[PDB]
Amino acid sequence: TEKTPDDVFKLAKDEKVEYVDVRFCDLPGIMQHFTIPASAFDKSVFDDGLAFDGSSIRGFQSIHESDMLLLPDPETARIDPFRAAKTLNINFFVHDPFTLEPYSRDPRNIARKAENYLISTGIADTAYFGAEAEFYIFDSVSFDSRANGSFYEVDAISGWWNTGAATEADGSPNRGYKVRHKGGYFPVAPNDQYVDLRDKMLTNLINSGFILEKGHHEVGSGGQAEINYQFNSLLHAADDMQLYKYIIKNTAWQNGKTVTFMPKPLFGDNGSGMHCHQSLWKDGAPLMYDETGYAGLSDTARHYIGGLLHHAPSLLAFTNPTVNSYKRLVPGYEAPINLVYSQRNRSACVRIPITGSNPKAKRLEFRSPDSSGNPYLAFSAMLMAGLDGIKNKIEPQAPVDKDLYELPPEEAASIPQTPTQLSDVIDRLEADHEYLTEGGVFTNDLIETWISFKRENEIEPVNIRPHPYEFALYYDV
Amino acid sequence: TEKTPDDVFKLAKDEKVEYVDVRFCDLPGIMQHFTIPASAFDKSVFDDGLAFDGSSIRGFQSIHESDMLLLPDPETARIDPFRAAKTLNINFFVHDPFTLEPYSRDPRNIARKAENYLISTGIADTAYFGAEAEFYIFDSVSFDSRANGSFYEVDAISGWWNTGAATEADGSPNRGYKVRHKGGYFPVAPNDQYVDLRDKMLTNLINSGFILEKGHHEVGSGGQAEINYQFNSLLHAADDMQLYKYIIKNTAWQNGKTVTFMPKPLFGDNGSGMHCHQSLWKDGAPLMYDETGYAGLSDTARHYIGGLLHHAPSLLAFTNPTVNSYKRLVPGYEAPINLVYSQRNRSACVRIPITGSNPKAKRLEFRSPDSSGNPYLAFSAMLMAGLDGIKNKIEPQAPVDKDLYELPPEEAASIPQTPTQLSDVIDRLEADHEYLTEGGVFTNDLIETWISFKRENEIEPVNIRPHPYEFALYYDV
Amino acid sequence: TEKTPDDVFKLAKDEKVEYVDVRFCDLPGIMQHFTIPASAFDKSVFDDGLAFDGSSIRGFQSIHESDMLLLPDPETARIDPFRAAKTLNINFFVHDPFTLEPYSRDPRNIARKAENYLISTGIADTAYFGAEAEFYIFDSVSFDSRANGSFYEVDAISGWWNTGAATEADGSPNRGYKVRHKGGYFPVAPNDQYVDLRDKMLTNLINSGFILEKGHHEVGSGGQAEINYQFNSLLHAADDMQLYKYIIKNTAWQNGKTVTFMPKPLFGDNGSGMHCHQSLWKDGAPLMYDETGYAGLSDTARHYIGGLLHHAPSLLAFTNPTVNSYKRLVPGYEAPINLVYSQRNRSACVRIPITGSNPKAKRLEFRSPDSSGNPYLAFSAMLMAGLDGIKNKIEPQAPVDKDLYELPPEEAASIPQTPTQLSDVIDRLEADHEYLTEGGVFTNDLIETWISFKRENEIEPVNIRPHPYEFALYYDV
Amino acid sequence: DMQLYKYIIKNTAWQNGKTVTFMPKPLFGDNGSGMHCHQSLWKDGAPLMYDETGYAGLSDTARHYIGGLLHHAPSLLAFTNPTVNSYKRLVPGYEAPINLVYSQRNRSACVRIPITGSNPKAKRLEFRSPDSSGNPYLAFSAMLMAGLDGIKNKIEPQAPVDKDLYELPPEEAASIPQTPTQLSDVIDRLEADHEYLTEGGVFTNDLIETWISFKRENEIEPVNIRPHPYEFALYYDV
Ligand SMILES: Nc1ncnc2c1ncn2[C@@H]1O[C@H](COP(=O)(O)O)[C@@H](O)[C@H]1O
Ligand SMILES: Nc1ncnc2c1ncn2[C@@H]1O[C@H](COP(=O)(O)O)[C@@H](O)[C@H]1O
Ligand SMILES: Nc1ncnc2c1ncn2[C@@H]1O[C@H](COP(=O)(O)O)[C@@H](O)[C@H]1O
Ligand SMILES: [Mn+2]
Ligand SMILES: [Mn+2]
Ligand SMILES: [Mn+2]
Ligand SMILES: [Mn+2]
């Protein structure tokens, strides 16, 4: 919204930049890259672009459209804090050679089109996303899948399951302070073993332009951690999420650790979710508040929430896209499984943080998502679910500030939950996607590609492989 | 149909029997037991019975019905070939103390009631079952489920995945002959490493009264094996299956091996199924044939087949009752996944073996079942599916002798398959069970108990635990 | 030619036979089996047969022909000397249920049809085959094929490559006598380490009806060995070869060894071949001799030889059917690579043993074949090559008693050799197979099946995998 | 530059505790390593490979050079893909340029004309089939001689395939020529297809005879006489 090309040249110029890392997002959600010498990075890359050698088989920009044009997004230019050779990282939008038309399967293009569509509805001219991604810090991870056996094991020298260890990771003595204490989850050192590592991560984020002003905290619980930062407009909020994951993973890596953002790495500990705060603004002021409406919610907010709860079953195909997502979205660890909004029920898919009569502070929060997917597609899908709700004025059900345990499990069973497996949401998406195709944001092809990838690469592979617990249950049958 | 109490006394008398093993079947399918001295086993046990100390919490004969009466089934009396102290094994029917009424949750009672109901329909007075259960012979099995990891591993010294082993199970040299050859699956020794063990198993079966007359073969393929034997009337065919599994497991056990009847112990090898042949007879002659009908099938047979294919989705809840069942009933190893009958398509749920114009040899075969459950409940459910088809004359679809690959996948997609997960069939049963409750064979309570047990003890436990392959797919997200 | 069903019953009756092993040959050449109780083996099996449960995917008796009928060959009935439970082994011919017509892809049926066709030509009424199969006796074998590496290793405690070993296979001292001596290859003990094992093998062969009358010897050289026995009519000579391999492999197995009949298990030692002697007889007297003809060869013999040399390039597809066959048929170890007949040149594909003026002793010898394939198909293909030569009177080239080294390599280059790779002979067969389809002995389908199997299961798999020597040659490129 | 590049890559890895390989197929189950070569002819200081009237903006100078490449490819590969390992890459998979057709599209085609539009200078052809297992001096020279035999004699190949060869009948897709399958094949194809090489005295018969001798005695025969590990998996039990 403020930075342009020439400024990127000054960042590169002032920093004695040796290399420029060309980044773009693949379908599932991992950033791809190739590097060019800094000397080859000038005005030509911006207006004219760079061709990316027609790669990949199972998807993306084929070969009868052979090459692609990579146009840089100057807002995403950041100095890499890990690479020895001074490098500038920049995200690009993918195009084709016939009419240089933006590739409809580039996740970054879907997010930008979603922002443009917001404008094409007249509702607002800005969608703000403030996602808080949790992660685990481990020391090791190993796994395999063979004909006669399979295993996995994540380990943390100071993990709570290691209280009985004779010696430590380096042969050093077991000094304790591993066991977690019932209930309260954020003890100070030495129970907190990752204080300095989390600080390096936060320092790296702050040096990479992350805004830490309002209620932005650095929190840790055992091996789990979260560093929330200020929101941004849709597309660039998704870019910030990718940058965040990159900084978290590599800070851990350079400090002898290994991080995972998977929804459920531990059976017996908190899952990792991506709690996303949303709101619509216009001309420079809020649109989510009204004291006459519950929790200080405007009629603009209630209907966006209506769309989220109505389309949730299919929305989850982009919001909780993995098989592992459903080990978190299962009975436990108050993971947003209930399809109701409220300032109270945090186990509710949507939570309106207590912000009173302040129109600007008023925001909704879809707590159900996780960080196992594509933030560009997830945020875009969330907007499309909400826009289908505001325009068509979709009315959901009453907010539940009254907790669902003290209540009859008849009216608590009538409280909808989301599907139980990835195969379910992929089916719910296969049938609930008109809101997605509106304004040409998501194409049928893109949705068909996502469904294909998930079934062939995730659902079926896990499904054909016997689970270790099946041996505990059935070897003796 | 021929043996009575006094004969059981002579078997025990002639064999210098020291102990009598009192056996009964639990809900999921494993035989339970307690032993009494042979001297305490007389006419009193038969007409009066034995009380079984009010046990078990999660099910069966509670405590305000406190005790049970165990009446012996003289047809099931067999000398145990494994127990050092000479023992006679006998199966019992479970009862209660108020009116000594047969407990409606005893699997053996469900099977006997099914035989009585066959008679109460007038259709026939005998249901013959000839099931062929496959199994794997291993050398070891280990597995666990922890907070930070999980694994399983089955091993066979001469398993095909061990071609590269430096030495063997006992430090002895790797002598080869492990690799399996593409296509053909029954090579002679030394590729066949279990010749003598299978012979001990067959010798033990023959000594335990198993009839090996017609096309009954002893076959082995790698570590997998099958020893089919002559059919029997429903209840006692289920008793024979339990006896068979007992003899197979313990012959392996006494010979330094470990057997498993689980549907899919190996990812990359044939699954283990329970191919069940069925037929209805009356007064002493067949009822399944007619040359005018396809494959020499009478109109009595076609409708039984109609019921099987119609009720299959729910029938599988008793026929393929485990989570592991669905690793076999998945795309591959021509496991009966297609809901059509035929003399040809073996990947079809039902196969009518080529028996020509012989009314007696004419029989249908439900190849979809596996040995992971309860044979009493599985056979009974199969009969009830077929009886709902004969009486109400349920017409299915045309037999497919023409293989489904060479054909358009439109008409091949219209070819129904069974549900994909255990949770699906449990849902299909929850709604498709009227045929089961007919004649009071299966009670709503029994069906409700089965559904509860499966959801709480199998479906949910596996579902909440991360699969090892999820780490391969998502640790790096 | 002499034994019938009733005699088989007496063999089984006199020997207290517990089991009967039903054997049949698969496409590539390995015997398959299933066992039935001896009590189920009576007159019914002979005239009526046994159905073999419609198995195998990649070939053989499909499923719209679902079942097969197994008719026993009483000439092949032998008592198994290895199986603990007294067993009778018998080979069967494969059939179908529509008109019980012999399956045209059963190797044993191809051999029997070849014998019948010999009669349908009027040329003779008997084809005699006397093949001598060599093999290696090892102590161990291990190998694998992975993404980043591959290996294989055969070992023999007393192998000539182990002269430097500090201790032996069992930790015992290295007692020497391993090194082979230049030239002469059959030293007495202790250089000969397998004297007693070879004797057990010969004793087992003799007890299994193998005729050891004429120049039948038991010979050993290092770990290699050969026990030649008396010839037999085509089909049953192929049955004897299967029995021989079975007895050799299992005698080794029960005595802590492992045998291989592969053409070239060792790089630096003699390959293993199957030198096959042939001849045509009629009414009870010979047809291969004439003093007027070279080496005492009749005009009947010269033309059979003409067919062998003419059709050799394609004949080798059944005669030397593996990729490993071509490590033997390469420059070295005088393996019959030259397409000329002679009493002299043993490196010639055909060798007429010195038998002088004796019409009966006169026989031709195709020394090129190995034991890596199917003897039924190999012998049949040899007959068809020879019959195409006798009938059409195919004239080859002059016999070479004069060795091909002392001679100009111009006239020695004009001396044809056989193709260099399996892919070559499979191509030569794809085009040179009319002699095979004559009289309906080999069907186009059978030949097409063989070509498919070889390309997909052998040629391509080996071809796509980098050879270890490529790393020695090219890692540094 | 190619020799210098390999030297710098290998030794940078070496001084940093690693070991590099340029062999065509070091891994069974991962991408092979190829040497995608872009070519073009220039005169006096300006391009000669472009023309909008011609397909992909190709001049008649370019089409015939491409004609020579596709015509002589079977023998050209003896210098362009000179090792036994070269044929583990040039096998069905990892879109290795196995098809003898040029195109801006089919990358599995031996020749690919990168999208460069109407810019005469940017117009270049790309022989993607080669690998780095041989001699770059001989490989580049052989490529030029294949192309020069095409421009002078005006050798016309076949139509460019921007339409991918999977969606199409495997009859017209089988008529689409591929290169030989083994090193022994290309060495034979060179033994007979080398006049373009001897033109102008660039490659001598002796040099070609030396190459053929070296390959047969030092590479083809040595690998051929040695049993492959997979043969034990397939045949130990025969
Ligand atoms: N319109 C908005 N106004 C203010 N904050 C927002 C808006 N849209 C999204 N947010 C994000 O709400 C997130 C934090 O939640 P919490 O765990 O309650 O501290 C932050 O990441 C915010 O910056
Ligand atoms: N009514 C019946 N008549 C004859 N055999 C039957 C009947 N009902 C069930 N069977 C069983 O069919 C089974 C065998 O199948 P297969 O794998 O084709 O040899 C055996 O276990 C038979 O004994
Ligand atoms: N017609 C025949 N007359 C005599 N021996 C034969 C005939 N056809 C094949 N043979 C076989 O020739 C083989 C032996 O060869 P050798 O290594 O020279 O001792 C033996 O296995 C013979 O029994
Ligand atoms: Mn939150
Ligand atoms: Mn069956
Ligand atoms: Mn010989
Ligand atoms: Mn390229």
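Each value, and the rule that gives it
Keep in mind that residues are numbered from 1 along each chain as the sequence reads, not by the entry's scheme, and that residues without coordinates are left out. Chain labels run from A onward and ligand labels from 1 onward, assigned in the order the entries are written. Here we see only some chains of a larger assembly; the values are for those chains and no others. Heavy atoms from the whole structure form the basis of all side-chain values; hydrogens and water molecules are not counted. Runs of E in the DSSP output that reach at least two residues are strands. Runs of H or I that reach at least four are helices, and both are numbered from the N terminus. Radius of gyration here is computed from C-alpha atoms only, and the compact-globule reference equals 2.2 Å multiplied by the residue count raised to the power 0.38. A simple rule labels every residue: compare its accessible area, found with a 1.4 Å probe on the protein chains alone, to the largest value its type can have, and call it buried under 20%, exposed over 50%, or partly exposed in between. Counted as positive: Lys and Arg. Counted as negative: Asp and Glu. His and the chain ends are not counted at all. Where a charge sits is defined by one atom per residue type, namely NZ (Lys), CZ (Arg), CG (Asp) or CD (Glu). Any residue with a non-hydrogen atom lying within 4 Å of a molecule or strand is treated as near it. Under the rule applied, a polar contact is a pair of N or O atoms within 3.5 Å (in protein, one hydrogen donor and one hydrogen acceptor; residues adjacent in sequence only if both atoms are side-chain atoms). Each accessible area is a Shrake-Rupley estimate made with a 1.4 Å probe; only the visible protein chains count as cover when residues are assessed. Basically, the charged four are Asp, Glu, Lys and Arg, the nonpolar ten are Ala, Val, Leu, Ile, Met, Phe, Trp, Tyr, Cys and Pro, and anything else, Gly included, counts as polar. Note on alignment: the copies are superposed with a least-squares fit restricted to their C-alpha atoms. Should any heavy atoms of two residues lie within 4.5 Å, those residues are considered in contact. By definition, the buried area sums, over both parts, the 1.4 Å-probe accessible area that each loses when the two are put together. Each reported salt bridge corresponds to a side-chain nitrogen of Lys or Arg within 4 Å of a carboxyl oxygen of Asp or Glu. Each metal site is built from N, O and S donor atoms within 2.8 Å (3.2 Å for Na, K and Ca), and since water is not included, such sites may look incomplete. Should DSSP find at least two bridges between two strands, the strands are regarded as paired. In this description, a line fitted to the C-alpha atoms serves as the axis of each element, helices being fitted only across the stretch in contact, and the angle between N-to-C directions of two axes falls anywhere from 0 to 180 degrees. UniProt positions are given in the numbering used here, feature names are shortened, and annotations may be inferred rather than shown by experiment. Two joining distances apply to patches: 9 Å for like charges and 5 Å for nonpolar side chains (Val, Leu, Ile, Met, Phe, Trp, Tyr), and every residue must have over 30% relative accessible area and no salt bridge. Given a helix with a known number of residues, its expected span is that number minus one, times 1.5 Å. Across the chain, bend at a residue is computed as the angle between axes fitted to the seven residues ending at that point and the seven starting from it. Buried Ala, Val, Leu, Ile, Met, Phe, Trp, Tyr and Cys residues form a nonpolar core when they are joined through side-chain atoms within 4.5 Å.

Listed as the method for this PDB entry is X-ray crystallography; the listed resolution is 2.40 Å.

Caption draft 1: Focus on the overall build of chain D. Each helix and strand counted, chain D has 8 helices and 6 strands in total. Ordered by position from the N terminus, the helices and strands of chain D form the series α-β-β-β-α-α-β-β-β-α-α-α-α-α. Here chain D has a C-alpha radius of gyration of 19 Å; the compact-globule value for 238 residues is 18 Å, and the two agree. With the principal axes as the frame, chain D shows a C-alpha extent of 60 × 45 × 40 Å. In chain D, buried positions account for 53% of the 238 residues. Averaged over its 22 positive side-chain charges, chain D has a centre that lies 8 Å from the centre of its 29 negative ones.

Caption draft 2: A look at the site of ligand 2. All names here are of chain B. Around ligand 2, the structure places 16 residues, and the nearest of them are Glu132, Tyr229, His277, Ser279 and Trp281. Measuring from an oxygen atom of ligand 2, one finds a side-chain N or O atom of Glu132 at 2.4 Å. A distance of 2.9 Å separates a nitrogen atom of ligand 2 from a polar side-chain atom of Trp281. Burial of ligand 2 by the protein amounts to 89% of the accessible area it has alone, namely 540 Å². At the level of secondary structure, the elements contributing two or more residues to the shell around ligand 2 comprise β6 (126-138) and β13 (274-282). Among the residues forming the shell around ligand 2, the class breakdown is 5 nonpolar, 7 polar and 4 charged.

Caption draft 3: View of the relation of the copies chain B and chain A. The transformation that overlays chain B on chain A combines an axial shift of 0.0 Å with a rotation of 180 degrees, and the residual RMSD is 0.0 Å. Here the symmetry operator amounts to a two-fold rotation axis. Across chain B, the rotation axis passes nearest the C-alpha of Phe151 of chain B, at a separation of 2.0 Å. Looking at chain B, 100% of its interface residues are interface residues in chain A too, so the copies touch through the same face.

Caption draft 4: Spatial organisation of the interface of chain D and chain B. If you look at the interface, chain D gives 4 residues, while chain B gives 4 residues. Taking both partners together, chain D and chain B bury about 380 Å²; carbon and sulfur atoms supply 49% of that area. When residues of chain D are sorted by the area they lose upon contact with chain B, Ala233, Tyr236 and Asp237 of chain D head the list and together hold 91% of the total. Joining chain D to chain B, the criterion identifies 0 salt bridges. Along the contact surface separating chain D from chain B lie 1 residue pair in polar contact. Residue classes in the side of chain D that touches chain B are distributed as 3 nonpolar, no polar and 1 charged.

Caption draft 5: Looking closely at the site of ligand 3. All names here are of chain C. In the vicinity of ligand 3 lie 16 residues, with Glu132, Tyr229, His277, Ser279 and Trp281 positioned nearest. Residue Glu132 places a side-chain N or O atom 2.4 Å away from an oxygen atom belonging to ligand 3. Interatomic distance of 2.9 Å between a backbone N/O atom of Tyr229 and an oxygen atom of ligand 3. Those elements giving two or more residues to the shell around ligand 3 turn out to be β6 (126-138) and β13 (274-282).

Caption draft 6: Broad picture of the coordination of the manganese ion (ligand 4). Residues and elements named next belong to chain A. Within the first shell, the manganese ion (ligand 4) binds the protein through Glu132 (OE) and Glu365 (OE), at distances of 2.7 Å. Taken together, the positions of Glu132 in strand β6 (residues 126-138) and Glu365 in strand β17 (residues 364-366) put the pair 233 residues apart, joining distant regions of the chain. Taken as a pair, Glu132 and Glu365 share a single burial class, namely buried.

Caption draft 7: Molecular detail of the sheet that holds strand β1 (residues 19-25) of chain B. All names here are of chain B. Reading across from one edge, β2-β1-β5-β4-β3 is the order of the 5 strands in this open sheet, with mixed pairing throughout. Each end of this open sheet is capped by a strand with a single partner; those strands are β2 (31-37) and β3 (50-51). Pairing geometry for strand β4 (residues 69-79) and strand β5 (residues 87-94), over 6 bridges, is antiparallel. In the strand pairing of β5, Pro72 is matched with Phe92. Across the sheet, helix α5 (residues 234-254) touches β1, β2, β4 and β5, and the angle it forms with β4 is around 65 degrees.

Caption draft 8: Looking closely at the pattern of salt bridges. Tallied over the entire structure, the rule returns 87 salt bridges over all chains. Note that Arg198 of chain C and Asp192 of chain C form a salt bridge whose closest N and O atoms lie 2.7 Å from each other. Across this residue pair, the class does not change: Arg198 of chain C and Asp192 of chain C are buried. Members of the salt-bridge network, linked through shared partners, are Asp199 and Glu218 of chain B together with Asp21, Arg23, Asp80 and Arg83 of chain C.

Caption draft 9: Up close: the coordination of the manganese ion (ligand 5). Residues and elements named next belong to chain B. Taken together, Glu132 (OE) and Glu365 (OE) make up the protein donors of the manganese ion (ligand 5), found 2.7 Å from the metal. Assessed through its relative accessible area of 16%, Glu132 is described here as buried. Residue classification places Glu365 among the buried positions, given a relative accessible area of 0%.

Caption draft 10: Just the environment of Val94 of chain A, in detail. Mapped onto the secondary structure, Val94 of chain A falls in strand β5 (residues 87-94). The spacing of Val94 of chain A and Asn109 of chain A is 15 residues in sequence and 7.5 Å in space, taken between C-alpha atoms.

Caption draft 11: The arrangement of the sheet that holds strand β8 (residues 149-155) of chain A in detail. The antiparallel open sheet is built from 4 strands, whose spatial order is β7(A)-β8(A)-β8(B)-β7(B). Among the strands making up the open sheet, the edge pair consists of β7 (140-145) of chain A together with β7 (140-145) of chain B. Between one strand and the next, the sheet's axes are offset by a mean angle of 15 degrees, whatever the strand orientation. Pairing analysis gives 6 bridges linking β7 of chain A to β8 of chain A, with the strands arranged antiparallel. Bridge pairing links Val141 of chain A to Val154 of chain A in β8 of chain A.

Caption draft 12: Spatial organisation of the UniProt feature "binding site: Mg(2+) 1" in chain A. Residues and elements named next belong to chain A. Residues annotated by UniProt as "binding site: Mg(2+) 1" correspond here to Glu132, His275 and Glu365. Taken along the chain, the residues just named run across 234 residues; in space they keep tight, none of their C-alpha pairs more than 10.5 Å apart. Relative to the helices and strands, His275 is located in strand β13 (residues 274-282). Overall, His275 belongs to the buried group, its relative accessible area being 7%. Apart from the residues lying within four places of it in its own chain, the contact partners of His275 are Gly130, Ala131, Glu132, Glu134, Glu226, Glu365, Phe366, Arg367 and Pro369.

Caption draft 13: Structural detail: a nonpolar patch on the surface. Residues and elements named next belong to chain D. A contiguous nonpolar patch, built from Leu4, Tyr7 and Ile8 and spanning about 330 Å² of accessible area, is present on the exposed surface. Tracing the sequence through the fold places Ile8 in helix α1 (residues 2-15). Residue classification places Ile8 among the partly exposed residues on the basis of a relative accessible area of 46%.

Caption draft 14: Local environment of helix α6 (residues 299-319) of chain C. All names here are of chain C. With 21 residues, α6 extends just 25 Å between its outermost C-alpha atoms, more than 12% less than the 30 Å of an ideal straight helix rising 1.5 Å per residue. The largest bend along α6 measures about 80 degrees and falls at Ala312, with the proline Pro313 one to four residues further on. Counted residue by residue, α6 has 17 buried out of 21 residues, so it is predominantly covered.

Caption draft 15: Focus on the nonpolar core. Among the nonpolar cores identified, the biggest contains 140 residues, and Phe41, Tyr244, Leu280, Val350, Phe379 and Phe442 of chain C are the most heavily contacted of them. Counting residues per element, this core draws most heavily on helix α5 (residues 234-254) of chain C, which supplies 12 residues. When sequence neighbours within four positions are dropped, the list of residues in contact with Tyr244 of chain C reads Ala133, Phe135, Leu205, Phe210, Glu226, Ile227, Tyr229 and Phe261 of chain C. Ranked by size, the runner-up nonpolar core spans 128 residues in total, among them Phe41, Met68, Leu315 and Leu316 of chain B.

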